[PDB]
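Everything below concerns the one structure shown next.
In the deposited numbering, the protein residues as written are 5 to 570.
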């Protein structure tokens, strides 16, 4: 990231702190938890609303020392009143703005917000799980501010969880108790906390909605797939992602050794000795080097992250992923709760930045063999069957004689988001009670209100609705500003938070009290649908056939001779 966005972000960081001191009140309050009393504070928004803020509620023991890479344990309760008037630190990670490592291993907290601690009725509880490829992200209000949602009468909760190698290391040897998915296990224990404690904050424990975007969406899906969380919540929203996205799991059991060696490990490749080194390494050295773990072959086969969710090698007490996600969908309790899913209109536009550094990537569309699903493609991507599959992809996205950046970014939308959604819907249909799934398509383009991810994708002055452009209309961030209430941006906040809260409440996203929705007939997807219908969200709201549907069926034809793997 540029020296200009660094000084610029530095200033907004200093502005956000003064604004945050400014928007604080003297009205502390205490609430009950099953671990003891917590002290919150009331806060202000740039729209002159106000909410109670409880930050830094621990939902697990700090996962330091001997707990590093291990499943989380419950935290130690306290007498007295714990201070929750400030945020704790985020998970150790690479700051995308600076490039430096920031954060702390003491990161397992959650934040609770609401405009009213004593509602006259129990409220819907919304749990947000942030994205960031499982390697970055946080529940800090400079990035995920509750200011828009607290206009509604809900209880909003933002959780953190272990990221990167600290969150997702995995070792084969059963004696060392590092099966993997530690970060996912964190989310589970947070969900357990939210179930037993939301009532103390005016929340309805029997009406809980979990949602997230990108990695947060995959997380949400995992929380819907695993037995560990059965009946913990009652609605799910999958925003630009799920667990069968190709970036949302990896077998990384061999990569611990590599990481060890990058960090200066001396010795042999056995798990025990690898583990002992990594257990005493400085946290910020491990995280800084994660970028270098993937081999060139792996990057070639489109493996995005060295460490992430994984099929655990053996089953222990807190096992989350005992089988590949496709297999888990077949028994998943989550198939039987109301579900919303969606994407933006130009997902792949996010990859503008990446292309700018590697223009050679565009030549991959000359045969597109690199984007053939890995389970179907061959090691070297050279088999005649793989060139065939690559050609089907190519027909779907290369518009002219030579591929362009736009073809590439268009392909990415499908590789990373639309094709996986399609595969999931069809799989879910064969294994479900018949609970509705609703689709949306976020198609609202604006440059007048933005979020920090746009700094990273280099989305400055770039038309089209990229992956993460929707977050801006859900959460406040330190780059936002008060918008006139009649502006198209303000209306979109209202609509977006309106639909999400309506869905959270009833398991049905339609409301006539939401402006723009008066002609809308939002029907769920049926198994007998050849064509998906989605609510398309732009300046106006309109039910349409998913425009990506033809290209989606094209990708599906790659599985003509391998229908069992679809």
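For every residue, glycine included, the Cβ atom is placed at its ideal position computed from N, Cα and C.
Per-residue DSSP class, three states only, for residue 56: strand
Spatial distance of residue 392 from residue 563 (CA atoms): 11 Å
Presumed contact (8 Å Cβ cut-off) between residue 494 and residue 487, rounded CB distance: 5 Å
For residue 345, the first and last residue of its enclosing beta strand (DSSP E): 343 to 348
Unbroken beta strand (DSSP E) run spanning residue 215, endpoints: 207 to 217
Simplified DSSP state of residue 590, which is helix, strand or coil: Shown here, the chain extends from 5 to 570; a query on residue 590 therefore has no answer.
Same chain only: Cβ atoms within 6 Å of residue 41, ignoring 5 sequence neighbours per side: 34 and 85
Beta-bridge pairing of residue 249 - partner residues as DSSP gives them: DSSP, once it has assigned bridges, lists no residue as partnering residue 249.
For residue 114: DSSP bridge partner residues: 61 and 163
Residues bridged to residue 95 [DSSP beta-bridge criterion]: 108
Residue 208 vs residue 313 beta-carbon contact at 8 Å: no
CB contact flag (residue 25, residue 197, <8 Å): no
Cβ-Cβ distance between residue 106 and residue 44 below 8 Å: no
Beta carbon of residue 398 nearer than 8 Å to that of residue 369: yes
One or two residues paired with residue 243 in a DSSP bridge: 217 and 346
Stretch pair the segment 353 to 367 + the segment 536 to 556: three plus CB contacts closer than 8 Å: no
Delimiting residues of the beta strand (DSSP E) encompassing residue 47: 41 to 48
Whole-angstrom C-beta distance between residue 249 and residue 424, which should lie under 8 Å: 4 Å
Close Cβ partners of residue 531 (< 6 Å) along its chain, the five nearest in sequence each way excluded: 433
Alpha-carbon spacing of residue 472 relative to residue 458, whole angstroms: 8 Å
8 Å Cβ shell around residue 520 - same chain, five flanking residues per side excluded: 495, 499, 544 and 545
Integer Cβ distance of residue 76 from residue 65, believed to fall under 8 Å: 7 Å
Cβ pair count under 8 Å reaching 3, the segment 309 to 328 against the segment 185 to 199: yes
Where residue 342 falls, given that 16 or more other Cβ within 10 Å makes a residue buried: buried
Host alpha helix (DSSP H) of residue 290 (start-end): 287 to 293
Beta-ladder partner(s) of residue 132, from DSSP: 162 and 215
Residue of 153, 175, 340 and 408 minimising C-alpha distance to residue 311: 175
Between the CA atoms of residue 409 and residue 366 - distance to the nearest angstrom: 6 Å
Beta-bridge partners of residue 446, as assigned by DSSP: 348 and 541
Proximity winner among 138, 389 and 264, relative to residue 278 (alpha-carbon distances): 264
Helix, strand or coil at residue 549 according to DSSP, with G and I counted as helix: strand
Nearest-angstrom Cβ-Cβ length linking residue 309 and residue 138, presumed shorter than 8 Å: 6 Å
Supposed close pair residue 316, residue 184 - CB separation, criterion 8 Å: 5 Å
When 123, 426, 475 and 161 are compared against residue 450, the one with the closest alpha-carbon: 475
Beta-carbon gap between residue 460 and residue 100 smaller than 8 Å: yes
Per DSSP, cross-strand counterpart(s) of residue 85: 41
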